[PDB]
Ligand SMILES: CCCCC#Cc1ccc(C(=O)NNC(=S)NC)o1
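Quick heads-up: it's one chain on its own, the form deposited without this ligand, in structure tokens.
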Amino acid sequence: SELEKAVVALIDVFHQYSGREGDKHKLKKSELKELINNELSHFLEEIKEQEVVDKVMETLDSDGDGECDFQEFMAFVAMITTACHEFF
């Protein structure tokens, strides 16, 4: 279904970015930045300042290890989806 296909797109997109550097199952700041700029260009403003990257990661990083793991990424998708929902 469309729902099942959206679930796999979430996993696919996370894995495309998390495996580029260092830990293959987590997003460090540079991976998280490219995911936003390449895949969220219609919803979010392009990130160019280091301070914005730093702030986004602080916001998402719940277990405070400095990286975004798959749960924290899902919390981010929820925030974006919810915001979109509410706009419309």
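Note that residue numbering follows the sequence shown and begins at 1.
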For the stretches 32 to 40 and 54 to 62, which has the higher mean C-alpha B-factor as given in the deposited record? 54 to 62
So which stretch wins on mean C-alpha B-factor, 74 to 82 or 18 to 26? 18 to 26
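A second form of this protein, the form deposited with this ligand bound, is not displayed here; the remarks below concern that form.
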is_contact(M74, this ligand) in the deposited bound form, heavy atom dist at most 4.5 Å: no
Suppose contact means any heavy atom within 4.5 Å; which members of 43 to 74 contact this ligand in the deposited bound form? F43, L44
